[PDB]
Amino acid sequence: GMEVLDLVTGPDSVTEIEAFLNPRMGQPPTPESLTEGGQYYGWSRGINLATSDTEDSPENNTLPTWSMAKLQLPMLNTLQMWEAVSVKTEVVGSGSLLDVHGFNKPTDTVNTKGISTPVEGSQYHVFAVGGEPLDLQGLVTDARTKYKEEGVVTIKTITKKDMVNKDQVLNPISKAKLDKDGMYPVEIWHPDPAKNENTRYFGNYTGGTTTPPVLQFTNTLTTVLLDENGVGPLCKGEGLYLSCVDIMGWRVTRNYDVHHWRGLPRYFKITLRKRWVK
């Protein structure tokens, strides 16, 4: 159904669905143990640095990846399709960053006093709602970065060849789809503006090392998903795709300034309506 017709009316013609996507900062959800690694859930493991200009081998659990979920919608089948009309979305838990009583690098390092330095630095917030996987365009800081072959999907996973210098700019060969949760690094894979005809995405980036994190939250804000012609994302095979990443910055430890990324979960409440298509 490529030709969009009238809205469907009658019993059950509109539905609301909700979901939360937890962040994928590097430590997986398991093991759950708060001694054996689970204490880092919601965070990355300690960022490991390159050893030379030609030896940059980041560990998978130090690389934040995209969150995604595919939600199955009520069975439907001139055919009908589910059309995503609007979304209320919220990043939850910023108040938790008011914990300045922990064991991070303290504000008075001479005397080991003050407060536990709160999360600060680079921030990245993107969400998307669509009727098929988010289309991704690869672009990296360094085409020489030696990403692991297993456990992450990177440009080489797709091309079966090493990255080239064009991958540090826009190389149309380096494309993928966001089809797995916690696998696609956000430092590699960006929303592709040349595709995503059936997805809406919204992103912002704020960089720096000690930048104050900023966040707003309210249950009163609706994001309209209709395009310029009044048509929202159309859900292929009754599948709805949610994608996001919400990085708040890093915490810094008392030992060699080890940094850990902090991510927060995102709530989605999507309103959908049935649409006649041909």
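Quick note: we count residues from 1 along the sequence shown, nothing fancier.
The modelled chain is continuous from residue 111 to residue 112, since every residue of the deposited sequence in that stretch has coordinates. Between 208 to 216 and 227 to 235, it is 227 to 235 that carries the larger average Cα temperature factor according to the deposited entry.
Set 36 to 44 against 65 to 73 and average the Cα temperature factors; 65 to 73 ends up higher. Looking only at 162, 90, 181, 167, the residue with the top Cα B factor in the deposited structure is 162. In the PDB entry, a CA B factor belonging to the highest third of its chain's modelled residues is recorded for residue 148.
Split the chain's modelled residues into thirds by C-alpha temperature factor. Residue 58 is in the middle one. Looking at the C-alpha B-factors along this chain, the one for residue 49 belongs to the middle third. Looking at the C-alpha B-factors along this chain, the one for residue 99 belongs to the middle third.
Sort the chain's modelled residues by C-alpha temperature factor and residue 119 lands in the lowest third, per the entry.
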